[PDB]
Amino acid sequence: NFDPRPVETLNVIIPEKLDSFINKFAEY
Amino acid sequence: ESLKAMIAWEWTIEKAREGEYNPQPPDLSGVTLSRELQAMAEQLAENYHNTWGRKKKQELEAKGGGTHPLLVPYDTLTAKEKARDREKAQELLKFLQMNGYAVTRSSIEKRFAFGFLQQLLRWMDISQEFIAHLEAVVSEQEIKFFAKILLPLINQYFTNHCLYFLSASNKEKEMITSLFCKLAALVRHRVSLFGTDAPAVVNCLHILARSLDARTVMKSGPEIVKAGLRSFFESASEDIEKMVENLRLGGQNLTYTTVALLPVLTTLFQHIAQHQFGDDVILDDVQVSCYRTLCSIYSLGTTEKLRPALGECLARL
Amino acid sequence: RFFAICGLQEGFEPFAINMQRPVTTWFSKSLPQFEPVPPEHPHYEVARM
Amino acid sequence: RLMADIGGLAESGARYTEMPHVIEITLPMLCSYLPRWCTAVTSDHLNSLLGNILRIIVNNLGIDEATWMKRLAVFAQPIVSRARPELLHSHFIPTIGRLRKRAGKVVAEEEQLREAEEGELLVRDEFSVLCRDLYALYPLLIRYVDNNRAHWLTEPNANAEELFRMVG
């Protein structure tokens, strides 16, 4: 079974301090 | 989405340090892990499986039906199965550590410090109110529970845990004896209220008395429940001494304690004598009972068919 | 010291009775020496070609 | 002092509840208190208590119904671990000797038996009584034989051989 119960993740806007983290992790 | 879920989960992110064709990957295996970070890593890795199963729900709706072994809760997952899912979440915690981000939120207290023994003690605490209701209506559902499930449960658990739980727990020692006290106090001067349905209460009392972890801790402690043990011992001595008004004079509500209280006293005396616990066993809240029990045994040292039981009790004491 | 008490009456000849020379013992000497690989070694195997 | 009274009524028994009523409940008291003992109480009291309990048991040699025999022997089992080599051996020999004399007097009835039903019932009851006495006395002898056997082997003793002959 395991009916999915997703957590709300498309509503929060990421801050500017995390875009560098996103890009660096993608490059890594 | 992996970071957005963490942000939405009410967790603060603070910058603490500065982030330090053949590619040149920096070494990331030199960073250890903490117990608190393990929960964060597991919860973050749960997000990938959640967002995969959410789309797999629509996929199986399109298929029209089917069971897949991979669609299981993350708590079911084992390290062997986690070897293909923990990597994607572990590769970013080291990244966060070396980038400089900070996330803020003994292990005995977090773990089962109370344990099964204290869970059973809480069940007996609720059974205190249950027994109060049963006695009030005696003078419906929890009675069957007590007479069916928990009584054999403790009668077996104490048997299987007599050793290694008496010499290495400390908090549970101070409460197992107290549990024995409310167990002794649960049965009144008569046993008709319990009835013939549950004669195993006497055996369970035997087993609990034979497993008293705080043989010396209960006497060397600050004596919170030692008053309860003193009250139980004084009540037993008074009940024994009250038999001189029946056996030595001529019945009701007193013969029931010759088959349900005296054997428990013999078992307790044998438990005390077996381990030579007499070093510190008669201390604060105990001498006040021993000074009365010596006079009691002096009083009934001169008293039909109850002679063997009295002799066994005297030998044990 | 304790032969007559337990063992003598039931019948138990001591391991050395009719021997004019003491029993020679063998001990495990912990000096690593080289020996041929056993033909039935559990793990290693050597083949000649 | 405290145990001096016990030896007083060791003779003239033949009853488990008539004269020794409080004895049945007070014997385990000191039988458990004495092994627990400014300190270093002499073992002469222990040896005297063991002899007195053996004498009390053998006094009721031919009682019809007696259950205290199966309990006093169990209660006195720890008391014979620390026993004198000679004080108890002067009491064990006469008791087992009288037991063997009773066995010899009772085997003759079965030998002459070979009317039949009544004799069979009588010898069965007598054998049950003898078995009860045997199981009341032998446990106090097995423990006394477990120790004092190295002494009896390194230095042979006539009484030990005589006891072996009677047991055989």
# chains A, B, ... in the order shown; residues from 1 in each chain; ligands from 1
>>> interface_residues(of="chain B", to="chain D", cutoff="9 Å", atoms="only C-alpha atoms", output="ChimeraX atom specification")
/B:301-303,307-317
>>> write_last_selection(atoms="N, CA and C atoms", output="compact mmCIF listing (two decimals), in the first residue's frame")
# COMPACT_ATOMS: atom_id res chain seq x y z
N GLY B 301 4.71 -16.77 68.75
CA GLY B 301 5.63 -17.88 68.91
C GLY B 301 5.11 -19.02 69.74
N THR B 302 3.88 -18.91 70.25
CA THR B 302 3.27 -19.94 71.08
C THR B 302 2.03 -20.57 70.46
N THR B 303 1.55 -20.06 69.33
CA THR B 303 0.36 -20.60 68.69
C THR B 303 0.64 -21.98 68.08
N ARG B 307 0.05 -24.89 61.25
CA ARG B 307 1.37 -24.97 61.87
C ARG B 307 2.51 -25.07 60.86
N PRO B 308 2.45 -25.91 59.82
CA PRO B 308 3.58 -25.96 58.87
C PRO B 308 3.86 -24.62 58.19
N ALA B 309 2.82 -23.87 57.84
CA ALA B 309 3.03 -22.57 57.21
C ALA B 309 3.72 -21.60 58.17
N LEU B 310 3.29 -21.57 59.43
CA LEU B 310 3.93 -20.71 60.42
C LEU B 310 5.38 -21.12 60.64
N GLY B 311 5.65 -22.43 60.69
CA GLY B 311 7.02 -22.88 60.84
C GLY B 311 7.90 -22.49 59.66
N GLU B 312 7.37 -22.62 58.44
CA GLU B 312 8.12 -22.21 57.26
C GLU B 312 8.39 -20.71 57.28
N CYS B 313 7.40 -19.91 57.68
CA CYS B 313 7.60 -18.47 57.76
C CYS B 313 8.66 -18.12 58.80
N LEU B 314 8.62 -18.79 59.96
CA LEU B 314 9.63 -18.54 60.99
C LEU B 314 11.02 -18.93 60.51
N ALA B 315 11.13 -20.06 59.82
CA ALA B 315 12.42 -20.48 59.28
C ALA B 315 12.95 -19.49 58.26
N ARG B 316 12.07 -18.99 57.38
CA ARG B 316 12.50 -18.02 56.39
C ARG B 316 12.93 -16.71 57.04
N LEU B 317 12.20 -16.26 58.06
CA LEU B 317 12.54 -15.00 58.71
C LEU B 317 13.83 -15.11 59.51
>>> select_by_dssp(residues="chain A", states="helix (DSSP H, G or I)", output="number ranges by chain")
A: 19-27
>>> write_last_selection(atoms="N, CA, C and O atoms", output="JSON list (two decimals), in the first residue's frame")
[["chain", "number", "residue", "atom", "x", "y", "z"],
["A", 19, "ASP", "N", 20.82, 29.85, -3.25],
["A", 19, "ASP", "CA", 21.05, 29.65, -4.68],
["A", 19, "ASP", "C", 22.49, 29.23, -4.95],
["A", 19, "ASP", "O", 22.75, 28.38, -5.81],
["A", 20, "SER", "N", 23.44, 29.82, -4.22],
["A", 20, "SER", "CA", 24.83, 29.40, -4.34],
["A", 20, "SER", "C", 24.99, 27.94, -3.93],
["A", 20, "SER", "O", 25.73, 27.20, -4.58],
["A", 21, "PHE", "N", 24.31, 27.52, -2.87],
["A", 21, "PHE", "CA", 24.35, 26.12, -2.46],
["A", 21, "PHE", "C", 23.80, 25.22, -3.55],
["A", 21, "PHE", "O", 24.39, 24.17, -3.85],
["A", 22, "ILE", "N", 22.68, 25.61, -4.16],
["A", 22, "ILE", "CA", 22.08, 24.80, -5.23],
["A", 22, "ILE", "C", 23.06, 24.65, -6.39],
["A", 22, "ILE", "O", 23.31, 23.53, -6.87],
["A", 23, "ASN", "N", 23.61, 25.77, -6.85],
["A", 23, "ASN", "CA", 24.52, 25.72, -8.00],
["A", 23, "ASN", "C", 25.78, 24.92, -7.68],
["A", 23, "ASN", "O", 26.23, 24.11, -8.50],
["A", 24, "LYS", "N", 26.35, 25.14, -6.49],
["A", 24, "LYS", "CA", 27.57, 24.43, -6.12],
["A", 24, "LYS", "C", 27.32, 22.93, -6.00],
["A", 24, "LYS", "O", 28.16, 22.12, -6.41],
["A", 25, "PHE", "N", 26.18, 22.54, -5.44],
["A", 25, "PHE", "CA", 25.86, 21.12, -5.34],
["A", 25, "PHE", "C", 25.64, 20.50, -6.71],
["A", 25, "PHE", "O", 26.05, 19.36, -6.95],
["A", 26, "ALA", "N", 24.99, 21.23, -7.62],
["A", 26, "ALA", "CA", 24.81, 20.71, -8.97],
["A", 26, "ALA", "C", 26.16, 20.50, -9.65],
["A", 26, "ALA", "O", 26.40, 19.45, -10.27],
["A", 27, "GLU", "N", 27.06, 21.48, -9.54],
["A", 27, "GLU", "CA", 28.39, 21.33, -10.13],
["A", 27, "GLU", "C", 29.16, 20.19, -9.47],
["A", 27, "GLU", "O", 29.88, 19.45, -10.16]]
>>> residues_around(residues="region 9-15 of chain A", least_positions_apart="3", cutoff="7 Å", atoms="only C-alpha atoms", output="PyMOL selection string")
(chain A and resi 18) or (chain B and resi 1+4-5+8)
>>> closest_residue(among="D:144, D:135, D:16, D:152", to="chain C", atoms="only C-alpha atoms")
D:152
>>> atom_distance(atom1="CA of residue 45 (chain B)", atom2="CA of residue 61 (chain B)")
24.9 Å
>>> residues_around(residues="residue 294 (chain B)", least_positions_apart="2", cutoff="12 Å", atoms="only C-alpha atoms", output="MDAnalysis selection string")
chainID B and resid 234 237:238 241 287:292 296:301 314 317
>>> write_last_selection(atoms="N, CA and C atoms", output="compact mmCIF listing (two decimals), in the first residue's frame")
# COMPACT_ATOMS: atom_id res chain seq x y z
N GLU B 234 4.14 -3.26 57.88
CA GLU B 234 3.36 -3.06 59.10
C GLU B 234 1.97 -3.67 58.96
N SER B 237 2.34 -7.43 59.30
CA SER B 237 2.55 -7.81 60.69
C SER B 237 1.26 -7.69 61.50
N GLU B 238 0.51 -6.61 61.29
CA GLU B 238 -0.75 -6.42 62.00
C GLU B 238 -1.76 -7.49 61.62
N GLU B 241 -0.75 -10.65 63.38
CA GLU B 241 -1.03 -10.57 64.81
C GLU B 241 -2.53 -10.63 65.10
N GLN B 287 13.56 -0.33 60.22
CA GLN B 287 13.68 -0.73 61.62
C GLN B 287 12.36 -0.52 62.34
N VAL B 288 11.60 0.50 61.95
CA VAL B 288 10.32 0.76 62.59
C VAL B 288 9.36 -0.40 62.35
N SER B 289 9.59 -1.18 61.29
CA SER B 289 8.80 -2.38 61.06
C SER B 289 9.43 -3.63 61.66
N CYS B 290 10.76 -3.71 61.70
CA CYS B 290 11.41 -4.88 62.29
C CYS B 290 11.21 -4.93 63.79
N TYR B 291 11.26 -3.77 64.45
CA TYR B 291 11.04 -3.69 65.89
C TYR B 291 9.63 -4.11 66.28
N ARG B 292 8.67 -3.98 65.36
CA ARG B 292 7.32 -4.47 65.59
C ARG B 292 7.16 -5.92 65.18
N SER B 296 5.89 -9.17 67.15
CA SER B 296 4.81 -9.97 66.58
C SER B 296 5.16 -11.45 66.60
N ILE B 297 6.37 -11.80 66.16
CA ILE B 297 6.76 -13.21 66.16
C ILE B 297 6.93 -13.72 67.58
N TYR B 298 7.29 -12.85 68.52
CA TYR B 298 7.26 -13.23 69.93
C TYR B 298 5.84 -13.53 70.39
N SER B 299 4.87 -12.73 69.94
CA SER B 299 3.48 -12.92 70.34
C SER B 299 2.92 -14.23 69.80
N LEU B 300 3.10 -14.48 68.50
CA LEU B 300 2.66 -15.74 67.90
C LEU B 300 3.77 -16.78 67.81
N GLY B 301 4.71 -16.77 68.75
CA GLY B 301 5.63 -17.88 68.91
C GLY B 301 5.11 -19.02 69.74
N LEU B 314 8.62 -18.79 59.96
CA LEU B 314 9.63 -18.54 60.99
C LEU B 314 11.02 -18.93 60.51
N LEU B 317 12.20 -16.26 58.06
CA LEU B 317 12.54 -15.00 58.71
C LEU B 317 13.83 -15.11 59.51
>>> interface_residues(of="chain B", to="chain A", cutoff="8 Å", atoms="only C-alpha atoms", output="mmCIF file with C-alpha atoms, in the first residue's frame")
data_model
loop_
_atom_site.group_PDB
_atom_site.id
_atom_site.type_symbol
_atom_site.label_atom_id
_atom_site.label_comp_id
_atom_site.auth_asym_id
_atom_site.auth_seq_id
_atom_site.Cartn_x
_atom_site.Cartn_y
_atom_site.Cartn_z
ATOM 1 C CA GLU B 1 12.423 20.353 -3.418
ATOM 2 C CA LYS B 4 12.438 23.556 0.149
ATOM 3 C CA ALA B 5 10.933 20.790 2.291
ATOM 4 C CA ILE B 7 12.905 25.111 4.871
ATOM 5 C CA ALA B 8 9.157 24.480 5.188
ATOM 6 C CA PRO B 25 36.668 16.315 -6.464
ATOM 7 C CA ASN B 50 8.003 10.342 -1.002
ATOM 8 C CA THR B 51 8.210 12.423 -4.185
ATOM 9 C CA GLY B 53 6.002 7.306 -4.741
ATOM 10 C CA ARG B 54 3.670 10.264 -5.227
ATOM 11 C CA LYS B 57 0.691 6.501 -7.464
ATOM 12 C CA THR B 67 2.061 -4.305 -5.959
ATOM 13 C CA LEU B 71 6.676 1.008 -2.403
ATOM 14 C CA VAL B 72 7.227 0.541 1.327
ATOM 15 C CA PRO B 73 7.555 2.985 4.237
ATOM 16 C CA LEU B 92 24.689 16.806 0.735
ATOM 17 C CA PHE B 95 28.413 19.561 1.469
ATOM 18 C CA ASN B 99 29.920 25.083 3.139
#
>>> atom_distance(atom1="CA of residue 126 (chain D)", atom2="CA of residue 306 (chain B)")
28.9 Å
>>> closest_atom_pairs(of="chain D", to="chain C", cutoff="9 Å", atoms="only C-alpha atoms", output="CSV")
residue,atom,partner,partner_atom,distance
D:149,CA,C:5,CA,8.0
D:150,CA,C:5,CA,5.7
D:151,CA,C:5,CA,9.0
D:153,CA,C:5,CA,6.3
D:154,CA,C:5,CA,7.3
>>> closest_residue(among="C:41, C:33, C:15, C:23", to="residue 3 (chain C)", atoms="only C-alpha atoms")
C:15
>>> decode(residues="region 125-209 of chain B", atoms="C-alpha atoms", output="mmCIF file, in the first residue's frame")
data_model
loop_
_atom_site.group_PDB
_atom_site.id
_atom_site.type_symbol
_atom_site.label_atom_id
_atom_site.label_comp_id
_atom_site.auth_asym_id
_atom_site.auth_seq_id
_atom_site.Cartn_x
_atom_site.Cartn_y
_atom_site.Cartn_z
ATOM 1 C CA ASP B 125 -1.265 3.307 37.647
ATOM 2 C CA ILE B 126 -4.287 3.418 35.340
ATOM 3 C CA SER B 127 -5.366 0.082 36.831
ATOM 4 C CA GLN B 128 -5.363 1.873 40.197
ATOM 5 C CA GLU B 129 -8.318 3.993 39.070
ATOM 6 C CA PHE B 130 -9.780 0.926 37.350
ATOM 7 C CA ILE B 131 -9.621 -1.054 40.616
ATOM 8 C CA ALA B 132 -11.104 1.908 42.481
ATOM 9 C CA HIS B 133 -14.067 1.846 40.085
ATOM 10 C CA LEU B 134 -14.342 -1.943 40.414
ATOM 11 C CA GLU B 135 -14.392 -1.725 44.218
ATOM 12 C CA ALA B 136 -16.916 1.124 44.107
ATOM 13 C CA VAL B 137 -19.296 -0.913 41.948
ATOM 14 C CA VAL B 138 -18.585 -4.056 43.994
ATOM 15 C CA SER B 139 -19.486 -2.350 47.284
ATOM 16 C CA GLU B 140 -16.838 -4.074 33.491
ATOM 17 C CA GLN B 141 -14.068 -4.032 30.875
ATOM 18 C CA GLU B 142 -10.768 -3.277 32.633
ATOM 19 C CA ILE B 143 -11.388 -6.216 34.988
ATOM 20 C CA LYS B 144 -11.154 -8.683 32.095
ATOM 21 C CA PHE B 145 -8.024 -6.908 30.840
ATOM 22 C CA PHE B 146 -6.340 -7.202 34.246
ATOM 23 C CA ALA B 147 -7.413 -10.821 34.771
ATOM 24 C CA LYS B 148 -6.443 -11.910 31.242
ATOM 25 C CA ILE B 149 -3.533 -10.009 29.655
ATOM 26 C CA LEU B 150 -1.332 -7.906 31.935
ATOM 27 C CA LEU B 151 -1.162 -10.297 34.903
ATOM 28 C CA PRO B 152 0.377 -13.172 32.870
ATOM 29 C CA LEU B 153 2.428 -10.535 31.032
ATOM 30 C CA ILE B 154 4.176 -9.376 34.211
ATOM 31 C CA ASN B 155 4.237 -12.924 35.613
ATOM 32 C CA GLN B 156 6.297 -13.942 32.562
ATOM 33 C CA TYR B 157 8.368 -10.768 32.105
ATOM 34 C CA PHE B 158 9.628 -10.782 35.697
ATOM 35 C CA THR B 159 10.481 -14.482 35.353
ATOM 36 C CA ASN B 160 12.425 -13.907 32.128
ATOM 37 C CA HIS B 161 14.109 -10.760 33.515
ATOM 38 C CA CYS B 162 14.873 -11.738 37.121
ATOM 39 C CA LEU B 163 18.587 -11.668 36.286
ATOM 40 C CA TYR B 164 20.366 -8.695 34.660
ATOM 41 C CA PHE B 165 17.593 -6.436 36.040
ATOM 42 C CA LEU B 166 18.390 -6.765 39.768
ATOM 43 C CA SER B 167 22.178 -6.423 40.136
ATOM 44 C CA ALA B 168 22.373 -3.246 35.743
ATOM 45 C CA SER B 169 19.530 -0.746 36.117
ATOM 46 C CA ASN B 170 19.156 1.850 38.874
ATOM 47 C CA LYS B 171 15.979 3.854 38.218
ATOM 48 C CA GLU B 172 13.938 0.699 37.581
ATOM 49 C CA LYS B 173 15.178 -0.807 40.861
ATOM 50 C CA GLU B 174 13.577 1.967 42.921
ATOM 51 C CA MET B 175 10.224 1.404 41.179
ATOM 52 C CA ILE B 176 9.976 -2.392 40.823
ATOM 53 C CA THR B 177 9.757 -2.727 44.614
ATOM 54 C CA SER B 178 7.177 0.073 44.675
ATOM 55 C CA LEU B 179 5.193 -1.822 42.027
ATOM 56 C CA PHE B 180 5.350 -4.807 44.369
ATOM 57 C CA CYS B 181 3.896 -2.547 47.073
ATOM 58 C CA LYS B 182 0.854 -1.480 45.066
ATOM 59 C CA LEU B 183 0.462 -5.090 43.918
ATOM 60 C CA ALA B 184 0.321 -6.246 47.540
ATOM 61 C CA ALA B 185 -2.062 -3.401 48.408
ATOM 62 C CA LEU B 186 -4.312 -4.141 45.410
ATOM 63 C CA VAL B 187 -5.745 -7.258 47.059
ATOM 64 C CA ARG B 188 -7.706 -6.258 50.156
ATOM 65 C CA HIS B 189 -7.992 -8.235 53.396
ATOM 66 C CA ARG B 190 -10.341 -10.553 51.468
ATOM 67 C CA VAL B 191 -9.870 -12.214 48.082
ATOM 68 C CA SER B 192 -13.550 -12.629 47.170
ATOM 69 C CA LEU B 193 -13.514 -9.421 45.110
ATOM 70 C CA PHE B 194 -10.900 -10.962 42.816
ATOM 71 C CA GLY B 195 -12.801 -14.256 42.947
ATOM 72 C CA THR B 196 -11.751 -17.680 41.736
ATOM 73 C CA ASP B 197 -11.280 -16.322 38.201
ATOM 74 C CA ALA B 198 -7.801 -14.963 39.044
ATOM 75 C CA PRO B 199 -5.977 -16.990 41.708
ATOM 76 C CA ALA B 200 -2.789 -16.165 39.768
ATOM 77 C CA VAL B 201 -2.549 -12.806 41.564
ATOM 78 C CA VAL B 202 -0.864 -14.644 44.448
ATOM 79 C CA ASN B 203 1.628 -16.267 42.066
ATOM 80 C CA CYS B 204 2.338 -12.912 40.409
ATOM 81 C CA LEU B 205 2.933 -11.386 43.848
ATOM 82 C CA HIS B 206 5.287 -14.291 44.585
ATOM 83 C CA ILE B 207 7.192 -13.636 41.367
ATOM 84 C CA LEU B 208 7.392 -9.867 41.902
ATOM 85 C CA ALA B 209 8.570 -10.307 45.499
#
